[PDB]
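Heads up: the structure comes next, in structure tokens.
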Amino acid sequence: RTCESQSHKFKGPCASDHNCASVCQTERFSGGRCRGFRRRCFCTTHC
């Protein structure tokens, strides 16, 4: 299932999708992006 989650690990707001993604991918396996842009970073994975 396409599963989405939140990234409270990333520092502050969404500096850049690719950045929060890289972080979220370096710690775990979950592709990360931001709600719209700049707002808040969510990570997607298979739950």
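In the structure tokens, chains take the letters A, B, ... in the order shown, each chain's residues start at 1, and ligands count up from 1 in the order shown.
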
Discussion item. For range 1-3 of chain A, find every residue with an atom within 7 Å (counting only C-alpha atoms), except residues of its own chain fewer than 5 positions away, and show them as a VMD selection string.
Written reply: chain A and resid 44 to 47

Discussion item. Taking the DSSP secondary structure from the backbone, can you list the residues of chain A that are strand (DSSP E or B), as a list in words?
Written reply: residues 2, 3, 4, 5, 6, 31, 32, 33, 34, 41, 42, 43, 44, 45 and 46 of chain A

Practice prompt. Could you pull out the residues in chain A that DSSP calls helix (DSSP H, G or I) from the backbone, as number ranges by chain?
Written response: A: 17-27

Discussion item. When you look at residue 31 in chain A with a cut-off of 9 Å (counting only C-alpha atoms), what residues show up, excluding the ones that are within fewer than 6 positions of it in the same chain? I need them as a list in words.
Written reply: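 In the requested form, the answer reads residues 20, 21, 22, 24, 25, 42, 43, 44 and 45 of chain A.
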
Discussion item. Give me the residues near residue 10 in chain A as a ChimeraX atom specification, where near means some atom within 12 Å (using only C-alpha atoms) and where sequence neighbours in that chain fewer than 3 positions away do not count.
Written reply: /A:6-7,13-27,32-34,40-43

Based on the selection just made, write N, CA, C and O atoms of those residues as an mmCIF file, in the first residue's frame.
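Final output, saved to selection.cif:
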```
data_model
loop_
_atom_site.group_PDB
_atom_site.id
_atom_site.type_symbol
_atom_site.label_atom_id
_atom_site.label_comp_id
_atom_site.auth_asym_id
_atom_site.auth_seq_id
_atom_site.Cartn_x
_atom_site.Cartn_y
_atom_site.Cartn_z
ATOM 1 N N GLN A 6 4.897 11.523 8.303
ATOM 2 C CA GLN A 6 5.414 12.864 8.554
ATOM 3 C C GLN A 6 6.874 12.788 8.982
ATOM 4 O O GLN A 6 7.285 11.830 9.642
ATOM 5 N N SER A 7 7.653 13.808 8.624
ATOM 6 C CA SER A 7 9.058 13.855 8.991
ATOM 7 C C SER A 7 9.305 15.015 9.953
ATOM 8 O O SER A 7 9.405 16.175 9.556
ATOM 9 N N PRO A 13 11.155 23.930 8.440
ATOM 10 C CA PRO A 13 10.246 23.756 7.305
ATOM 11 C C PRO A 13 10.936 23.070 6.129
ATOM 12 O O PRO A 13 12.117 22.727 6.203
ATOM 13 N N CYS A 14 10.206 22.880 5.036
ATOM 14 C CA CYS A 14 10.755 22.198 3.869
ATOM 15 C C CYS A 14 11.704 23.121 3.108
ATOM 16 O O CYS A 14 11.268 23.875 2.236
ATOM 17 N N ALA A 15 12.986 23.089 3.462
ATOM 18 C CA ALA A 15 14.000 23.832 2.720
ATOM 19 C C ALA A 15 13.936 23.460 1.238
ATOM 20 O O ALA A 15 13.861 24.329 0.366
ATOM 21 N N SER A 16 13.945 22.155 0.975
ATOM 22 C CA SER A 16 13.801 21.618 -0.374
ATOM 23 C C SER A 16 13.357 20.153 -0.306
ATOM 24 O O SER A 16 13.824 19.392 0.557
ATOM 25 N N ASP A 17 12.450 19.770 -1.209
ATOM 26 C CA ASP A 17 11.917 18.408 -1.263
ATOM 27 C C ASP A 17 13.048 17.394 -1.338
ATOM 28 O O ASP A 17 13.103 16.455 -0.551
ATOM 29 N N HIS A 18 13.964 17.614 -2.277
ATOM 30 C CA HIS A 18 15.085 16.703 -2.501
ATOM 31 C C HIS A 18 15.935 16.576 -1.243
ATOM 32 O O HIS A 18 16.516 15.526 -0.981
ATOM 33 N N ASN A 19 16.005 17.654 -0.469
ATOM 34 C CA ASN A 19 16.818 17.670 0.742
ATOM 35 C C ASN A 19 16.173 16.806 1.816
ATOM 36 O O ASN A 19 16.814 15.917 2.380
ATOM 37 N N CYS A 20 14.896 17.055 2.081
ATOM 38 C CA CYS A 20 14.171 16.273 3.078
ATOM 39 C C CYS A 20 14.067 14.820 2.621
ATOM 40 O O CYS A 20 14.098 13.895 3.434
ATOM 41 N N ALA A 21 13.972 14.633 1.303
ATOM 42 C CA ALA A 21 13.942 13.305 0.705
ATOM 43 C C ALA A 21 15.252 12.581 0.970
ATOM 44 O O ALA A 21 15.256 11.455 1.460
ATOM 45 N N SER A 22 16.364 13.246 0.661
ATOM 46 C CA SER A 22 17.688 12.674 0.864
ATOM 47 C C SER A 22 17.849 12.244 2.321
ATOM 48 O O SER A 22 18.231 11.111 2.597
ATOM 49 N N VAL A 23 17.525 13.151 3.237
ATOM 50 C CA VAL A 23 17.558 12.867 4.672
ATOM 51 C C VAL A 23 16.698 11.639 5.003
ATOM 52 O O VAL A 23 17.187 10.641 5.566
ATOM 53 N N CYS A 24 15.432 11.708 4.607
ATOM 54 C CA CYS A 24 14.464 10.650 4.882
ATOM 55 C C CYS A 24 14.913 9.326 4.252
ATOM 56 O O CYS A 24 14.560 8.252 4.731
ATOM 57 N N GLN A 25 15.717 9.414 3.189
ATOM 58 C CA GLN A 25 16.220 8.228 2.490
ATOM 59 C C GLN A 25 17.549 7.748 3.078
ATOM 60 O O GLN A 25 17.903 6.572 2.952
ATOM 61 N N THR A 26 18.294 8.655 3.703
ATOM 62 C CA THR A 26 19.567 8.292 4.311
ATOM 63 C C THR A 26 19.337 7.612 5.653
ATOM 64 O O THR A 26 20.119 6.754 6.065
ATOM 65 N N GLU A 27 18.259 7.995 6.335
ATOM 66 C CA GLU A 27 17.917 7.366 7.609
ATOM 67 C C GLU A 27 17.063 6.110 7.400
ATOM 68 O O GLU A 27 17.305 5.078 8.033
ATOM 69 N N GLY A 32 10.579 11.241 0.304
ATOM 70 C CA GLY A 32 10.023 12.389 1.002
ATOM 71 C C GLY A 32 9.846 13.604 0.115
ATOM 72 O O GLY A 32 10.634 13.840 -0.805
ATOM 73 N N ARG A 33 8.785 14.350 0.389
ATOM 74 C CA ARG A 33 8.473 15.602 -0.294
ATOM 75 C C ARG A 33 7.692 16.502 0.653
ATOM 76 O O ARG A 33 7.427 16.125 1.793
ATOM 77 N N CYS A 34 7.317 17.684 0.189
ATOM 78 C CA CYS A 34 6.620 18.643 1.030
ATOM 79 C C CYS A 34 5.201 18.876 0.525
ATOM 80 O O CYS A 34 4.953 18.877 -0.682
ATOM 81 N N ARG A 40 5.412 21.554 4.868
ATOM 82 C CA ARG A 40 5.700 20.468 5.806
ATOM 83 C C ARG A 40 6.070 19.191 5.049
ATOM 84 O O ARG A 40 5.457 18.869 4.029
ATOM 85 N N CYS A 41 7.066 18.465 5.555
ATOM 86 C CA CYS A 41 7.640 17.327 4.838
ATOM 87 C C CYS A 41 6.995 16.000 5.244
ATOM 88 O O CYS A 41 6.937 15.646 6.430
ATOM 89 N N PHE A 42 6.519 15.272 4.239
ATOM 90 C CA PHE A 42 5.921 13.956 4.420
ATOM 91 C C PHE A 42 6.747 12.905 3.671
ATOM 92 O O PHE A 42 7.293 13.184 2.599
ATOM 93 N N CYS A 43 6.833 11.703 4.232
ATOM 94 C CA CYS A 43 7.594 10.612 3.618
ATOM 95 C C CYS A 43 6.658 9.481 3.202
ATOM 96 O O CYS A 43 5.712 9.155 3.917
#
```
